[PDB]
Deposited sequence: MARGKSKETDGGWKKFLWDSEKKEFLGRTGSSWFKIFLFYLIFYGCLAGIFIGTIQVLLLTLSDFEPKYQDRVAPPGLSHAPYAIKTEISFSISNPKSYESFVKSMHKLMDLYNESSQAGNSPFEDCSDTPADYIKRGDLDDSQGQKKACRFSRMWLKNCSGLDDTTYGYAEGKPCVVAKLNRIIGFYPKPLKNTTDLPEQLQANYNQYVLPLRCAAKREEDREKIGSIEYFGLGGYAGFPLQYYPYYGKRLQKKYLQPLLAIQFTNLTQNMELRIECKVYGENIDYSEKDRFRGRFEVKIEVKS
């Protein structure tokens, strides 16, 4: 508390906090310089991919009434918010999109992570490939996807030893297998994929990242539970497999879901 001296305070901070914002910004802007536009410096924190899905699960749960239409207007929203993305109206011209193997094929290298070439071209994906999926008002349809990682080639396990879905139409070479499970077998699993299989096609990898590939489209795998059980909380775990895929006791989303469906009506 002074007088005719406050001007000696205000003016001080004006060009001291000035000098300091100026230095702080000074150091952000140097740091920023030393990073790729195309690729982060570290990726060991997305290290194995997580598996995420379209139905916005309140708390990993989808309890809803069949005898009510708006008892599930919510989930349908996120479904369409996601699905509106896979429009064939959107994917227009030979640029920047590409028609790819209607059947799961191999990886597609598109050069380096440079801008020496324009936008790296992106494979197409018809939402029609998700036959069957308002969605399932009963016995719901759930859409799965693999979290994008720049330069990540997902590698399906090679058939050598025992494998859960034992060699059943196993596309060993070019598909990343997704199986859903819960003992307690009161469901009816069905899988709408690309070429018909229940996995992700290797022909979408590696992801090249937004700055080099905006409007890129990652695959999907519809999962319909036209089960023969009703009006109870059912705990099902969809999970992906592969060499590059691991799971965690804490990250309950690390390469897998956990859904609490309840078609209560």
property	result
Ranges missing from the model, given as deposited sequence positions	1-27, 161-168, 218-222
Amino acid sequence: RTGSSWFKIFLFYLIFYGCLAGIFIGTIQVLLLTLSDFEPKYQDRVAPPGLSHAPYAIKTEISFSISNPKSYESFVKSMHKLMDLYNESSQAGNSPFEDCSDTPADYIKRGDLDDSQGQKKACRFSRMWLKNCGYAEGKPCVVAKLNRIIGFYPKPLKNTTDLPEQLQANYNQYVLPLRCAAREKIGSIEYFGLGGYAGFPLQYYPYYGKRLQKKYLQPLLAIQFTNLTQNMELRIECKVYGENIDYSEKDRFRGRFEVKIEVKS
From here on, numbers count along this sequence of modelled residues.
item: 78-86 versus 143-151 - greater average Cα B-factor per the deposited record; value: 78-86
item: Selected stretch [higher average CA B-factor]: 38-46 or 53-61; value: 53-61
item: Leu221, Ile28, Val240, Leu234, ranked by C-alpha B-factor: the highest one; value: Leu234
item: Selection by C-alpha B-factor (highest) of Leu176, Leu113, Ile108, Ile186; value: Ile186
item: Chain third (lowest, middle, highest) by recorded CA B-factor, residue given as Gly196; value: middle
